[PDB]
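Coming up, as structure tokens: structure 1 and structure 2, two forms of one and the same protein chain.
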Structure 1
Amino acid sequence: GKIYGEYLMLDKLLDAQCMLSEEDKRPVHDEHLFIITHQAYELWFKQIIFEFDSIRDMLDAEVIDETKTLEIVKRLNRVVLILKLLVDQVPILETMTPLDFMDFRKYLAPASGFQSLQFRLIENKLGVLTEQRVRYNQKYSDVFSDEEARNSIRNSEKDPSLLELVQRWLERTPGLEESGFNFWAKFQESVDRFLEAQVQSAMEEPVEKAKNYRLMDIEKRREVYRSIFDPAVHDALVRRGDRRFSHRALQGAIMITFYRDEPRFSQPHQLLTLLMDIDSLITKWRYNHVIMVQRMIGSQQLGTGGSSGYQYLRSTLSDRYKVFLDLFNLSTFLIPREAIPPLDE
């Protein structure tokens, strides 16, 4: 259409609100808020999926130019803003009293009446690994009984996640080229030179206690650099789940963080930063959600079957559920400006 309500299909949208306590002649005022809050979330979930899918398609290519990079940054930044908004929607629902919630929670399935298809789709499309999930809601068949739902989740798991496609993009970054700039080799070399210089400076320290601390610290630094310079050590950290990136992907990430001030790397950096922001904001939502759940129905209530639901949500707060874990730690491997191999080529 052309008129507001026809274009936005408001006749459909605003007829999707059925208060179950109302049609059962025992009306609870706040049930209206409950419905609207979730529906607002669900609309935004759909937008997030829509942005995610379009970024997946753009990343599923051999060449990502500067122009498409900007478009991705924009869309990731948009998701960040939506996520902040979703974090702030929780205190609106927290405004309903526990006793009011109790008077209509009976109209809801114990665990099925609280699980969102779209949220699970967001997790998978972002890159939450199935094996990283806790035992409780690990298999999606146990969570969702519907058939069309199962097909979507299966598709989300099999299809390339945002985690996978970012890794492939990270592997192709210019500068890791042995033939060209050869950053990894130059990096190792400057780590050796910088650390050597550090040992000599520490040996010249007048106070004995200060010498020992610096020597101990330099040794702890060697162990850090061993975990990135020895591919065997890295692959081990991947297998136990302390890292997620392939070795070459981490190489790309580290290079980006190094030259982030440089016009050629500023946008790739921004992309990574927004990836972290998204991860962190999802965690922030999780935290707010669990505080609200506990505020409403404690750790356990009638019909809840004990405290396993609460304990599950509390365990989703762990780094096991963070998709871009490697990104948070990248400054661990950082050396000062002077020691970084200059960009010339």
Structure 2
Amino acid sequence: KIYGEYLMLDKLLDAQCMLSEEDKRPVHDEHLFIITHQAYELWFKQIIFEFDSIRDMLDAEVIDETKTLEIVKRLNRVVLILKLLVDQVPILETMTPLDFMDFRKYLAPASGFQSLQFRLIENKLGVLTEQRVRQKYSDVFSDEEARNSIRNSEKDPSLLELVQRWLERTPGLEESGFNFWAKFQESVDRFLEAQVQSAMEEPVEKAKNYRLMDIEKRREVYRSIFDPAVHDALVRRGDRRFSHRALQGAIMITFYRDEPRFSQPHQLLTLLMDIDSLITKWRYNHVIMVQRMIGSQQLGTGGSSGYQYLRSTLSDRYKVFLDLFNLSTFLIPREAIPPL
């Protein structure tokens, strides 16, 4: 009813227990260490809440403009929360390595790997278990409800899977209707044929050859999308994650983004990329903080494996919407884009 009761500050503000204080040798910065983590976990709970609601709205045959606006609003909110979480790292960096050394021994069985909510965010966004650098990540959890939650987050459709189903059903790709993919192939042939005819008229012979070489590079780019087998091979080696039809829809969305009907679906894709990039930015800032606190290896780490694992999470293997970042590779000028 009143402020403190509505926010349950009785419970919230009685969850801070400094172990160095319990051992009668308090380290002032352990309080900051606890509060920073607790602020991360409150926001992880909010991100999970937003993600689950967006997954429910995406797990439907009909995705109208009203629901699309609501998804864009909540993805944008997650982007703001992730920027705030990236800014929480310089606050914990204000703790000196020597002060952290005076209480890190009490952490002992605790590990960053034991954050159930961080794993739930990764899985709900779409981090594939097979693409993780590897004890299996889920083995760290001994609690049955924690194991159940992890297992459910892996088997339930992730934002990656749901966004792909939505992209596959993009109105415009329909061969009976607008038939975008076929028109796009013809536009590429017409555009590239004109580029070859224009390259021949070049005065300097070195400039004529550079353009003919460049046009061949373009043809190889278009073979990677117009030949389903070349796309499938790229998917197999981890270079792509999207189904061939989801990729077609994402490309069409980027081509018509200035059109009122395609502007919000394009904003939805942009925010997915921003979320992906912000998670990587948190990963990078976290490794820099780990290195400034305890170096690449310290007493208690048993070598540099922990640090090296953290550095390997910065690879494109942990990027969920990897395909979205490369879509501008397939773009042709406005004059060559098939008219709506």
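Residue numbering: structure 1 sequence, from 1. Between two forms, the rigid core is the largest collection of C-alphas that superpose within 1.5 Å.
In the overlay on the core between structure 1 and structure 2, a shift of 2 Å or more in CA position is seen for a single residue of 95, 200, 155, 112, which is 112. Shown in the overlay between structure 1 and structure 2, fitted on the rigid core, is a CA shift at residue 143 of 2 Å or greater. In the rigid-core superposition between structure 1 and structure 2, residue position residue 271 carries a C-alpha shift of 0.1 Å.
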